[PDB]
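Student: Pasting a structure here, questions to come.
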Amino acid sequence: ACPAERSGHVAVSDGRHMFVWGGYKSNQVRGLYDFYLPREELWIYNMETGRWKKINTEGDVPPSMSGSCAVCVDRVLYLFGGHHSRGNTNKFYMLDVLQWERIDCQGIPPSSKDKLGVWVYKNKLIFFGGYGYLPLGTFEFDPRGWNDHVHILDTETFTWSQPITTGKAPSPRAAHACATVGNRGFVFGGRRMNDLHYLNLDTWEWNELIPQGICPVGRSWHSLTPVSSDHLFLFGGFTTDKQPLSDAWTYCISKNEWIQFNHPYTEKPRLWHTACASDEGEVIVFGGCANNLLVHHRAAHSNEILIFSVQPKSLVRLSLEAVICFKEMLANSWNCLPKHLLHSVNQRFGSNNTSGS
Amino acid sequence: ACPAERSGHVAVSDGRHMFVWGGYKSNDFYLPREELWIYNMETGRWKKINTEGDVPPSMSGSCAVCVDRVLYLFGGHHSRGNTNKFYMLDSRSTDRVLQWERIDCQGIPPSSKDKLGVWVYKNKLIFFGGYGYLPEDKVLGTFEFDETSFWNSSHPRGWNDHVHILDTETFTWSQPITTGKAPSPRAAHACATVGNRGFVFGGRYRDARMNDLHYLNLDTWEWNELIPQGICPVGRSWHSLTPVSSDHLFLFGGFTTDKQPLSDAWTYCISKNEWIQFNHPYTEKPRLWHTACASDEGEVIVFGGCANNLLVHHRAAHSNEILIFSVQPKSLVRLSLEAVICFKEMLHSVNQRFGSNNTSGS
Amino acid sequence: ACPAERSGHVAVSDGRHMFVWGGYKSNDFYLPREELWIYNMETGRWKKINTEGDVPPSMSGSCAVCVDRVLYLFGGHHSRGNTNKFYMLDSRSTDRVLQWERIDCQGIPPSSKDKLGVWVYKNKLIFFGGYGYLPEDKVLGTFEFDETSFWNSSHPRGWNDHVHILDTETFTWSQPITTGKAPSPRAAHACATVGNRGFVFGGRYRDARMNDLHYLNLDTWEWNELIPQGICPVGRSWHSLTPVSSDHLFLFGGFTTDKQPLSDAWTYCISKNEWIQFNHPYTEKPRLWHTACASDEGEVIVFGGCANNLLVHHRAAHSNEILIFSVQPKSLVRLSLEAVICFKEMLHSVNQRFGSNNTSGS
Amino acid sequence: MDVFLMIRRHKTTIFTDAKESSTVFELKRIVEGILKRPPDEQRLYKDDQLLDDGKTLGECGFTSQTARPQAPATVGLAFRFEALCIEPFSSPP
Amino acid sequence: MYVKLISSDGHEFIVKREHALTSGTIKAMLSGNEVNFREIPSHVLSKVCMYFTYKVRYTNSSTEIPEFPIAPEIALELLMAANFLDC
């Protein structure tokens with residue numbers, strides 16, 4: 001009914017369903033090997049109801065890995081990179097009994113990385129940063145090291161391409177956060193850094209943005225998800241002093257300023273957690289750790305769901321929750337139901353003729 | 001010629017002719033609204049007649065009756081949701097195109113719903129149960145929301161246990177004051193009338209299909225539950241229940257709680273209050289959301305329905321096969337009629353004979 | 001770097017290093033014959049070494065042992081059928097490319113077969129059972145044709161209960177005269193040696209996998225069947241059985257008669273003659289046709305194998321994961337070694353530490 | 001701080017916001033820009049009470065804690081002279 | 001700029017055009033002013049207009065979003081109206 005606690009997993013979203021795969025957990029007894037959760041399973045969380053469904057996947061199943069990068073385009077999962085018991089990986093997997101598909105793309109694939117970020121444009125997948133072995137851009141060493149590559153993959157024809165960078169690219173880093181708002185591909189934090197950059201996905205030009213005023217503390221293993229066309233949402237992180245973070249920020253894009261966001265989860269800091277935006281103005285974050293991750297035997301991996309109410313809910317959702325609340329009372333009531341209204345709605349959404357049987 | 005495969009259709013009969021309308025089939029698709037299909041139960045041949053006037057929308061789950069060759073249609077689910085409209089089609093007309101008439105009945109009609117049952121008593125149609133929206137009026141009975149419809153449907157729906165009387169003389173709705181424990185709200189149940197007793201069996205409610213047997217006394221309006229001693233057919237919905245005598249009800253097909261299609265047939269003896277399983281050659285042809293009509297020659301004619309779990313729509317195995325259950329001895333004229341037709345090479349009713357000889361012409 | 005996923009491979013160890021060779025994986029495909037994979041059990045890191053000379057063909061189901069750092073390989077199934085050839089690889093060599101040596105042994109070798117077991121007693125390798133062709137020589141024991149191979153294989157095959165002795169001093173085959181009821185012919189069974197007792201558990205014979213436990217006394221050559229009182233692990237084949245003490249055998253994984261993969265672990269106490277189930281974190285990672293090797297630090301290291309029914313080859317979930325079962329208390333040096341490695345940010349064996357830090361570099 | 005109001009004539013309801021420091025006359029200018037009637041022909045009420053042109057909304061009894069977007073306050077409107085009249089909304093039955 | 005939404009019983013609701021765009025249905029009907037609702041009564045449409053001002057005010061708001069009260073006796077009407085209006 002609930003996935004095992006994990007960190008370093010991937011969570012993708014279509015607006016109403018959240019897909020969770022991979023990650024790793026700490027064993028009960030202290031040891032020197034991490035426990036990677038089974039490759040065979042994929043967890044789906046319904047953001048309207050709050051329950052989980054576990055489906056086992058066959059086919060070209062990718063190995064159990066952590067720190068991978070995933071994206072959900074038209075309910076089609078794209079997975080690249082990560083880290084397993086043998087080392088880093090540069091293999092690219094896709095997933096629409098569901099079957100994983102290992103695709104041999106044209107062009108030159110990137111190196112084996114993890115803790116990177118990704119952007120989604122019209123039909124291109126744009127990956128940035130990471131950490132891994134030696135193979136455009138730079139590659140600073142720590143045998144692995146931080147990354148600057150901006151590899152691009154076309155989903156229409158499956159060709160690995162790299163863009164011509166105009167402007168100052170950001171520094172090598174991993175465990176950064178990426179968010180997409182229109183043609184802007186945002187980066188923030190990592191290494192714990194505090195810089196804020198965006199890349200124009202249309203002109204392929206790097207830009208540096210310097211917010212004015214109070215700014216979030218430099219962090220790693222944070223989450224950055226857009227909550228509007230002019231707002232980004234940052235939660236959690238990992239300071240330079242390694243202090244876990246339970247604070248949330250809202251970054252206005254047009255005004256280029258930062259505002260703190262209040263929430264009832266100040267007692268539950270998270271790092272290496274995933275975050276997904278719902279269609280009801282919420283940010284759903286799952287997994288991550290509350291303790292210090294560097295000490296693996298003392299890690300406290302979480303399987304909880306934290307819901308931030310960033311935007312007001314729709315009138316449909318508000319009314320439906322009122323109906324759900326007053327279920328018994330309304331079952332003994334009656335109300336008018338104009339046919340033209342009902343037919344207009346059922347024209348848009350359809351009506352199932354087999355229900356109730 | 002050949003009616004297309006369908007489930008959720010209606011089928012009514014006068015004992016000689018079966019009238020078939022509506023239903024749906026996978027490519028979802030509702031069958032043409034203006035087509036009326038007549039199955040001649042003696043000759044086993046189909047005939048199509050087009051209709052006009054206030055033609056109802058194409059629907060599944062409608063409730064239909066044939067009283068004195070008049071077709072009455074209530075409820076159902078068209079492509080834009082459930083309805084509570086009432087239609088009449090007089091099959092006694094000599095028009096080349098029969099004229100549907102939508103009747104604006106007096107009184108307060110039932111809620112918009114489908115997948116219900118109906119009993120035909122003296123000058124009244126008595127409707128029970130169903131699935132659909134909340135009532136738009138004060139109504140005697142119980143409505144219960146389907147909790148799965150809040151997040152998966154464009155508007156919440158649920159089951160009811162309502163009893164509504166439509167008086168065919170004046171076309172006026174009313175509701176009787178009933179006594180005793182009414183059956184729980186349900187849909188996809190089966191109704192059968194024997195005299196002043198309106199039997200209801202099975203159906204789906206909340207979670208899990210049922211196999212309880214109730215009857216409403218249509219004179220005293222007193223609900224009664226029958227607890228037969230001995231074996232009973234398993235709980236089901238989308239089954240058919242047809243009277244085959246003044247003392248016997250015939251049950252076929254349906255859908256278990258575990259979503260298994262059913263091909264079992266049972267007979268319930270009203271006086272003895274017991275079930276007996278019926279042996280038949282259709283063990284490999286399960287049916288659900290089919291229709292069943294009783295013939296004047298001791299046969300139950302089953303049409304339409306689905307062989308498998310139709311809740312998966314793209315894999316639904318809709319059918320247009322005719323399933324004939326011989327539950328009473330035929331008349332000697334009919335038996336001798338079949339004998340003469342069986343030997344046409346060795347020797348008007350014999351002339352028409354049957355249709356679709358798969359052996360002829362070799 | 002990273003050995004590819006495989007089933008049907010061989011894995012042998014000296015308590016510190018695990019040697020991995022052969023196996024197969026789906027695209028069928030046998031892994032490169034010249035690759036020898038060495039897994040360092042202290043550091044948890046893999047190393048690849050290439051081989052030369054009389055390199056055996058790539059095979060699954062071969063039988064391998066490590067005696068005094070010498071690798072001995074018998075039997076197996078390459079792409080052209082079963083074999084009975086015997087190979088030796090001396091891991092103590094300083095060659096950059098180790099030289100395989102195929103030994104022409106004296107005496108009559110066993111039949112061509114795979115999926116068998118072996119016990120290591122004083123200066124002898126004792127092989128038991130397997131699946132393959134009819135023997136090419138007179139042999140003590142029983143062979144039984146697999147009736148499913150007559151119409152589905154290019155040549156009939158079957159199971160045997162043969163016992164063969166390979167004396168490592170002179171490389172001469174022989175067969176002991178045994179007493180008592182030998183176990184039935186079988187393949188995919190598991191063998192474990194404790195002193196002069198060669199235990200054999202499970203396997204497949206005719207139809208249905210088994211859970212019988214036998215041991216052959218390697219001094220008296222007297223077969224014995226152990227009937228433990230109480231619960232026992234379910235019947236299986238393709239399981240692993242590893243001694244973890246002078247009195248305990250460790251059993252993991254396998255394949256039920258109903259083709260279900262297994263993730264259960266059991267310990268058999270030789271003196272008490274009873275089984276106890278072992279709690280472990282790999283309940284969601286069943287393995288079959290895997291290998292298991294005992295470590296000098298009280299661990300059983302499981303490698304390779306398949307998570308599901310690999311009899312369907314295109315859907316076989318072959319693995320290269322390492323599964324570590326802690327079955328005995330570790331040494332304080334090893335425990336203190338792990339503690340120091342666990343805190344490198346707070347403070348040669350500590351320097352090498354482990355590999356593949358998923359957290360480092362963030 | 002803003003106050004959210006409903007300006008209601010017979011069957012016309014205006015949804016608008018203003019500052020409590022703003023005056024009644026400024027509100028009449030807002031109504032002028034919508035209903036095309038100058039302030040000298042309007043008449044604003046607080047549920048029974050005439051609103052002076054010079055008084056501010058906060059001085060009239062409107063507080064930002066009682067005129068919220070989800071529950072806007074009600075201001076009556078009368079045009080010139082006429083009696084204040086606000087026809088009620090429909091009923092659930 | 002303001003727009004006028006007219007209920008079935010003849011009430012005229014004048015709201016800000018930006019607020020009315022909260023409903024996708026109203027946004028499509030205005031795109032190219034008045035909008036007529038022959039099947040939405042005033043006791044429902046007035047509640048919808050209150051949601052308009054509530055939704056716009058608390059969109060991208062630093063302070064916590066308050067609860068929107070919905071009386072049970074109008075919940076089903078409001079849900080159908082909201083689905084029709086797409087807000």
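Quick note on naming: the chains in the structure tokens go A, B, ... in the order shown, residues restart at 1 in each chain, and ligands are numbered from 1 in order of appearance.
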DSSP on the backbone, strand (DSSP E) only: what residues of region 156-258 of chain A does that give? Format it as a VMD selection string.
Tutor: chain A and resid 159 to 161 177 to 181 184 to 188 196 to 200 205 to 209 223 to 226 231 to 235 248 to 252 257 to 258
Student: Could you dump the residues just selected with C-alpha atoms as a PDB file, in the first residue's frame?
Tutor:
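Saved result, out_1.pdb, follows:
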```pdb
ATOM      1  CA  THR A 159      19.660  11.810 -31.896  1.00  0.00           C
ATOM      2  CA  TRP A 160      22.115  12.890 -29.207  1.00  0.00           C
ATOM      3  CA  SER A 161      23.108  16.494 -29.924  1.00  0.00           C
ATOM      4  CA  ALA A 177      17.926  21.495  -9.265  1.00  0.00           C
ATOM      5  CA  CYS A 178      16.462  22.223 -12.701  1.00  0.00           C
ATOM      6  CA  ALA A 179      13.112  23.812 -13.539  1.00  0.00           C
ATOM      7  CA  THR A 180      11.552  24.827 -16.854  1.00  0.00           C
ATOM      8  CA  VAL A 181       9.273  27.848 -17.325  1.00  0.00           C
ATOM      9  CA  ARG A 184      13.942  29.265 -19.658  1.00  0.00           C
ATOM     10  CA  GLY A 185      15.913  26.352 -18.240  1.00  0.00           C
ATOM     11  CA  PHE A 186      16.713  27.225 -14.636  1.00  0.00           C
ATOM     12  CA  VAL A 187      19.577  25.934 -12.502  1.00  0.00           C
ATOM     13  CA  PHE A 188      20.084  26.605  -8.808  1.00  0.00           C
ATOM     14  CA  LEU A 196      20.852  31.260 -10.037  1.00  0.00           C
ATOM     15  CA  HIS A 197      21.225  30.781 -13.800  1.00  0.00           C
ATOM     16  CA  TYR A 198      18.901  30.098 -16.711  1.00  0.00           C
ATOM     17  CA  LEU A 199      19.488  28.954 -20.287  1.00  0.00           C
ATOM     18  CA  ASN A 200      17.312  30.252 -23.119  1.00  0.00           C
ATOM     19  CA  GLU A 205      22.230  31.277 -24.691  1.00  0.00           C
ATOM     20  CA  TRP A 206      23.331  31.076 -21.059  1.00  0.00           C
ATOM     21  CA  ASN A 207      22.258  33.866 -18.710  1.00  0.00           C
ATOM     22  CA  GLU A 208      23.224  34.702 -15.129  1.00  0.00           C
ATOM     23  CA  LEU A 209      20.552  36.186 -12.856  1.00  0.00           C
ATOM     24  CA  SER A 223      14.124  20.619  -5.178  1.00  0.00           C
ATOM     25  CA  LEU A 224      12.960  23.327  -7.591  1.00  0.00           C
ATOM     26  CA  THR A 225       9.541  23.003  -9.239  1.00  0.00           C
ATOM     27  CA  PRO A 226       7.564  25.692 -11.106  1.00  0.00           C
ATOM     28  CA  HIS A 231       7.006  31.578  -9.819  1.00  0.00           C
ATOM     29  CA  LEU A 232       9.384  28.795  -8.802  1.00  0.00           C
ATOM     30  CA  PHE A 233       9.224  26.722  -5.617  1.00  0.00           C
ATOM     31  CA  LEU A 234      12.299  25.613  -3.663  1.00  0.00           C
ATOM     32  CA  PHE A 235      12.146  23.291  -0.653  1.00  0.00           C
ATOM     33  CA  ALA A 248      10.539  26.654   1.465  1.00  0.00           C
ATOM     34  CA  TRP A 249      10.991  29.621  -0.876  1.00  0.00           C
ATOM     35  CA  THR A 250       9.031  31.176  -3.733  1.00  0.00           C
ATOM     36  CA  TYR A 251      11.077  32.905  -6.448  1.00  0.00           C
ATOM     37  CA  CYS A 252       9.211  35.432  -8.571  1.00  0.00           C
ATOM     38  CA  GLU A 257      13.191  38.327  -5.957  1.00  0.00           C
ATOM     39  CA  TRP A 258      12.890  35.648  -3.282  1.00  0.00           C
TER      40      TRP A 258
END
```
Student: Taking 4 positions as the minimum chain separation for residues in the same chain, which residues sit within 6 Å of region 58-67 of chain B when counting only C-alpha atoms? Answer as a list in words.
Tutor: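 Those residues are residues 8, 9, 12, 22, 23, 30, 33, 71, 72, 73, 74, 75, 76, 77, 78, 114 and 115 of chain B.
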Student: Please save N, CA, C and O atoms of the selected residues as a compact mmCIF listing (two decimals), in the first residue's frame.
Tutor:
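The new file again-v2.txt reads:
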```txt
# COMPACT_ATOMS: atom_id res chain seq x y z
N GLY B 8 -26.39 -4.32 -23.17
CA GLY B 8 -27.15 -3.22 -22.60
C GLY B 8 -28.37 -2.81 -23.38
O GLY B 8 -28.95 -1.76 -23.10
N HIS B 9 -28.77 -3.61 -24.37
CA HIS B 9 -29.96 -3.35 -25.16
C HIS B 9 -31.21 -3.70 -24.36
O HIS B 9 -31.14 -4.19 -23.23
N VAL B 12 -38.11 -6.96 -25.67
CA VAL B 12 -39.46 -7.21 -25.18
C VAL B 12 -40.17 -8.08 -26.20
O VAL B 12 -39.82 -8.11 -27.38
N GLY B 22 -31.60 -0.48 -29.26
CA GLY B 22 -30.55 0.14 -28.48
C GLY B 22 -29.35 -0.76 -28.23
O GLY B 22 -29.06 -1.68 -28.99
N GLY B 23 -28.65 -0.47 -27.14
CA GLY B 23 -27.42 -1.17 -26.81
C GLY B 23 -26.19 -0.44 -27.32
O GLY B 23 -26.26 0.62 -27.95
N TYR B 30 -22.78 3.46 -29.56
CA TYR B 30 -24.17 3.08 -29.36
C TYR B 30 -24.82 2.79 -30.70
O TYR B 30 -24.58 3.48 -31.69
N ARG B 33 -30.22 4.67 -33.22
CA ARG B 33 -31.40 4.90 -32.39
C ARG B 33 -32.70 4.59 -33.13
O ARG B 33 -33.69 4.19 -32.50
N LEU B 71 -44.80 -0.73 -26.88
CA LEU B 71 -43.47 -0.69 -26.29
C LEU B 71 -43.33 0.56 -25.44
O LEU B 71 -43.56 1.67 -25.92
N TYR B 72 -42.95 0.37 -24.18
CA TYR B 72 -42.70 1.47 -23.26
C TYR B 72 -41.24 1.44 -22.83
O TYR B 72 -40.72 0.37 -22.49
N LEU B 73 -40.59 2.59 -22.86
CA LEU B 73 -39.16 2.69 -22.59
C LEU B 73 -38.91 3.78 -21.56
O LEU B 73 -39.37 4.92 -21.74
N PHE B 74 -38.18 3.45 -20.50
CA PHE B 74 -37.82 4.42 -19.48
C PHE B 74 -36.33 4.31 -19.16
O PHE B 74 -35.74 3.23 -19.23
N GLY B 75 -35.75 5.45 -18.81
CA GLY B 75 -34.39 5.49 -18.32
C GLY B 75 -33.38 5.11 -19.40
O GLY B 75 -33.69 4.99 -20.58
N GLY B 76 -32.16 4.90 -18.95
CA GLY B 76 -31.06 4.53 -19.81
C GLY B 76 -29.92 5.52 -19.73
O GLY B 76 -29.99 6.55 -19.06
N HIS B 77 -28.84 5.18 -20.44
CA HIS B 77 -27.62 5.98 -20.46
C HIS B 77 -27.23 6.21 -21.91
O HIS B 77 -26.76 5.29 -22.59
N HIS B 78 -27.41 7.44 -22.39
CA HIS B 78 -26.95 7.82 -23.72
C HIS B 78 -25.52 8.37 -23.60
O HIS B 78 -24.90 8.33 -22.53
N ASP B 114 -30.21 4.18 -15.01
CA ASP B 114 -30.24 3.03 -15.91
C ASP B 114 -30.06 1.76 -15.10
O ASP B 114 -29.91 1.81 -13.87
N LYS B 115 -30.06 0.62 -15.79
CA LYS B 115 -29.79 -0.69 -15.19
C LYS B 115 -30.68 -0.94 -13.97
O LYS B 115 -30.21 -1.12 -12.84
```
Student: So that I can see what lies close to residue 4 (chain B), please list as a count of residues only the residues with an atom at most 12 Å from it, counting only C-alpha atoms and leaving out residues fewer than 2 positions away in the same chain.
Tutor: 29
Student: Please identify the helix (DSSP H, G or I) residues within chain D (assignment by DSSP from backbone atoms) and present them as a PDB file with N, CA and C atoms, in the first residue's frame.
Tutor:
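Everything below was put into out-v1.pdb:
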```pdb
ATOM      1  N   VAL D  24     -16.184  57.249   0.082  1.00  0.00           N
ATOM      2  CA  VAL D  24     -17.432  56.836  -0.555  1.00  0.00           C
ATOM      3  C   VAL D  24     -17.563  57.473  -1.934  1.00  0.00           C
ATOM      4  N   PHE D  25     -17.145  58.735  -2.061  1.00  0.00           N
ATOM      5  CA  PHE D  25     -17.222  59.417  -3.350  1.00  0.00           C
ATOM      6  C   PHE D  25     -16.354  58.726  -4.394  1.00  0.00           C
ATOM      7  N   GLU D  26     -15.168  58.257  -3.993  1.00  0.00           N
ATOM      8  CA  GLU D  26     -14.324  57.501  -4.913  1.00  0.00           C
ATOM      9  C   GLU D  26     -15.022  56.228  -5.372  1.00  0.00           C
ATOM     10  N   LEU D  27     -15.757  55.576  -4.468  1.00  0.00           N
ATOM     11  CA  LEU D  27     -16.533  54.401  -4.852  1.00  0.00           C
ATOM     12  C   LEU D  27     -17.627  54.765  -5.847  1.00  0.00           C
ATOM     13  N   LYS D  28     -18.262  55.925  -5.661  1.00  0.00           N
ATOM     14  CA  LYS D  28     -19.268  56.379  -6.616  1.00  0.00           C
ATOM     15  C   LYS D  28     -18.661  56.650  -7.987  1.00  0.00           C
ATOM     16  N   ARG D  29     -17.399  57.085  -8.033  1.00  0.00           N
ATOM     17  CA  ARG D  29     -16.714  57.230  -9.313  1.00  0.00           C
ATOM     18  C   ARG D  29     -16.515  55.875  -9.984  1.00  0.00           C
ATOM     19  N   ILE D  30     -16.247  54.835  -9.191  1.00  0.00           N
ATOM     20  CA  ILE D  30     -16.127  53.487  -9.739  1.00  0.00           C
ATOM     21  C   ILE D  30     -17.458  53.029 -10.323  1.00  0.00           C
ATOM     22  N   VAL D  31     -18.555  53.268  -9.601  1.00  0.00           N
ATOM     23  CA  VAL D  31     -19.879  52.934 -10.117  1.00  0.00           C
ATOM     24  C   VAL D  31     -20.198  53.765 -11.352  1.00  0.00           C
ATOM     25  N   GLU D  32     -19.725  55.015 -11.392  1.00  0.00           N
ATOM     26  CA  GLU D  32     -19.933  55.847 -12.572  1.00  0.00           C
ATOM     27  C   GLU D  32     -19.260  55.246 -13.800  1.00  0.00           C
ATOM     28  N   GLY D  33     -18.055  54.703 -13.632  1.00  0.00           N
ATOM     29  CA  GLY D  33     -17.349  54.100 -14.748  1.00  0.00           C
ATOM     30  C   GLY D  33     -17.956  52.810 -15.256  1.00  0.00           C
ATOM     31  N   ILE D  34     -18.918  52.242 -14.535  1.00  0.00           N
ATOM     32  CA  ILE D  34     -19.545  50.980 -14.904  1.00  0.00           C
ATOM     33  C   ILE D  34     -20.992  51.181 -15.340  1.00  0.00           C
ATOM     34  N   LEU D  35     -21.793  51.853 -14.514  1.00  0.00           N
ATOM     35  CA  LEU D  35     -23.209  52.051 -14.793  1.00  0.00           C
ATOM     36  C   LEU D  35     -23.509  53.390 -15.455  1.00  0.00           C
ATOM     37  N   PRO D  39     -21.766  60.584  -9.601  1.00  0.00           N
ATOM     38  CA  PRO D  39     -21.931  60.377  -8.151  1.00  0.00           C
ATOM     39  C   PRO D  39     -23.087  61.151  -7.546  1.00  0.00           C
ATOM     40  N   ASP D  40     -23.409  62.329  -8.081  1.00  0.00           N
ATOM     41  CA  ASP D  40     -24.489  63.142  -7.534  1.00  0.00           C
ATOM     42  C   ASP D  40     -25.869  62.546  -7.775  1.00  0.00           C
ATOM     43  N   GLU D  41     -25.963  61.416  -8.479  1.00  0.00           N
ATOM     44  CA  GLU D  41     -27.230  60.727  -8.681  1.00  0.00           C
ATOM     45  C   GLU D  41     -27.258  59.351  -8.027  1.00  0.00           C
ATOM     46  N   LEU D  57     -14.328  54.342   3.693  1.00  0.00           N
ATOM     47  CA  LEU D  57     -14.931  53.024   3.862  1.00  0.00           C
ATOM     48  C   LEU D  57     -14.686  52.480   5.264  1.00  0.00           C
ATOM     49  N   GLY D  58     -13.471  52.659   5.785  1.00  0.00           N
ATOM     50  CA  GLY D  58     -13.190  52.228   7.145  1.00  0.00           C
ATOM     51  C   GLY D  58     -14.020  52.970   8.175  1.00  0.00           C
ATOM     52  N   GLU D  59     -14.290  54.253   7.926  1.00  0.00           N
ATOM     53  CA  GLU D  59     -15.126  55.030   8.833  1.00  0.00           C
ATOM     54  C   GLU D  59     -16.598  54.663   8.721  1.00  0.00           C
ATOM     55  N   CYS D  60     -16.994  53.971   7.654  1.00  0.00           N
ATOM     56  CA  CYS D  60     -18.378  53.563   7.471  1.00  0.00           C
ATOM     57  C   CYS D  60     -18.714  52.255   8.173  1.00  0.00           C
TER      58      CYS D  60
END
```
Student: Using only C-alpha atoms, which chain C residues lie at most 10 Å away from chain A, written as a PDB file with C-alpha atoms, in the first residue's frame?
Tutor:
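Now in out_38.pdb:
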```
ATOM      1  CA  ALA C   1      34.790  -3.170 -14.232  1.00  0.00           C
ATOM      2  CA  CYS C   2      31.303  -4.718 -14.320  1.00  0.00           C
ATOM      3  CA  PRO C   3      30.528  -8.346 -15.211  1.00  0.00           C
ATOM      4  CA  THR C  43      36.621  -4.579  -0.999  1.00  0.00           C
ATOM      5  CA  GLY C  44      33.531  -5.552  -3.001  1.00  0.00           C
ATOM      6  CA  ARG C  45      35.228  -4.615  -6.286  1.00  0.00           C
ATOM      7  CA  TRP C  46      35.301  -6.598  -9.530  1.00  0.00           C
ATOM      8  CA  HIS C 280      17.121 -11.350   5.318  1.00  0.00           C
ATOM      9  CA  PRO C 281      16.469  -8.134   3.348  1.00  0.00           C
ATOM     10  CA  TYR C 282      16.217  -9.853  -0.076  1.00  0.00           C
ATOM     11  CA  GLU C 284      11.796  -9.027  -3.064  1.00  0.00           C
ATOM     12  CA  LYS C 285      14.820 -10.364  -5.001  1.00  0.00           C
ATOM     13  CA  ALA C 307      14.606 -13.096 -10.710  1.00  0.00           C
ATOM     14  CA  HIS C 314      13.003 -13.605 -23.922  1.00  0.00           C
ATOM     15  CA  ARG C 315      11.473 -12.504 -20.587  1.00  0.00           C
ATOM     16  CA  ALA C 316      14.242 -13.829 -18.321  1.00  0.00           C
ATOM     17  CA  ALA C 317      15.375 -11.238 -15.768  1.00  0.00           C
ATOM     18  CA  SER C 319      21.023 -10.259 -12.858  1.00  0.00           C
ATOM     19  CA  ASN C 320      24.551  -9.236 -11.930  1.00  0.00           C
ATOM     20  CA  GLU C 321      23.664  -8.075  -8.407  1.00  0.00           C
ATOM     21  CA  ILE C 322      25.644  -9.200  -5.365  1.00  0.00           C
ATOM     22  CA  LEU C 323      23.492 -10.506  -2.503  1.00  0.00           C
ATOM     23  CA  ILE C 324      25.216 -10.698   0.889  1.00  0.00           C
ATOM     24  CA  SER C 326      25.288 -12.307   7.086  1.00  0.00           C
ATOM     25  CA  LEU C 335      33.828  -4.723  12.074  1.00  0.00           C
ATOM     26  CA  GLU C 338      33.914  -1.106   8.429  1.00  0.00           C
ATOM     27  CA  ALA C 339      33.537   1.485  11.197  1.00  0.00           C
ATOM     28  CA  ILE C 341      35.531   3.270   6.449  1.00  0.00           C
ATOM     29  CA  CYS C 342      32.033   4.350   7.506  1.00  0.00           C
ATOM     30  CA  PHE C 343      33.570   7.555   8.931  1.00  0.00           C
ATOM     31  CA  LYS C 344      36.239   8.737   6.505  1.00  0.00           C
ATOM     32  CA  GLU C 345      35.184  12.382   6.905  1.00  0.00           C
ATOM     33  CA  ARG C 353      37.861   0.830   1.740  1.00  0.00           C
ATOM     34  CA  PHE C 354      34.980  -0.095  -0.629  1.00  0.00           C
ATOM     35  CA  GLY C 355      33.810   0.955  -4.087  1.00  0.00           C
ATOM     36  CA  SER C 356      30.943   2.794  -5.757  1.00  0.00           C
ATOM     37  CA  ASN C 357      29.995   5.485  -3.251  1.00  0.00           C
ATOM     38  CA  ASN C 358      26.586   6.665  -4.475  1.00  0.00           C
ATOM     39  CA  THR C 359      26.656   9.662  -2.112  1.00  0.00           C
ATOM     40  CA  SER C 360      30.164  10.998  -2.797  1.00  0.00           C
ATOM     41  CA  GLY C 361      30.474  14.008  -5.076  1.00  0.00           C
ATOM     42  CA  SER C 362      27.275  15.850  -4.154  1.00  0.00           C
TER      43      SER C 362
END
```
Student: Counting only C-alpha atoms, collect the residues of chain D whose closest atom lies at most 6 Å from chain E, and write them out as a VMD selection string.
Tutor: chain D and resid 11 to 15 69 to 70 89 to 90
Student: Using only C-alpha atoms, determine which residues lie at most 7 Å from residue 24 (chain E), disregarding the query and same-chain residues fewer than 4 positions distant; provide the list as a list in words.
Tutor: residues 28, 85, 86 and 87 of chain E
Student: Output as a PDB file with C-alpha atoms, in the first residue's frame the set of chain A residues within 12 Å of chain D, with distances taken over only C-alpha atoms.
Tutor:
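Output (result-v2.pdb):
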```pdb
ATOM      1  CA  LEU A 315     -13.816  25.344  -7.682  1.00  0.00           C
ATOM      2  CA  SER A 333     -31.221  15.462  -0.316  1.00  0.00           C
ATOM      3  CA  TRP A 334     -32.093  16.503  -3.873  1.00  0.00           C
ATOM      4  CA  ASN A 335     -31.046  19.274  -6.235  1.00  0.00           C
ATOM      5  CA  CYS A 336     -31.888  20.470  -9.729  1.00  0.00           C
ATOM      6  CA  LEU A 337     -29.754  19.180 -12.604  1.00  0.00           C
TER       7      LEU A 337
END
```
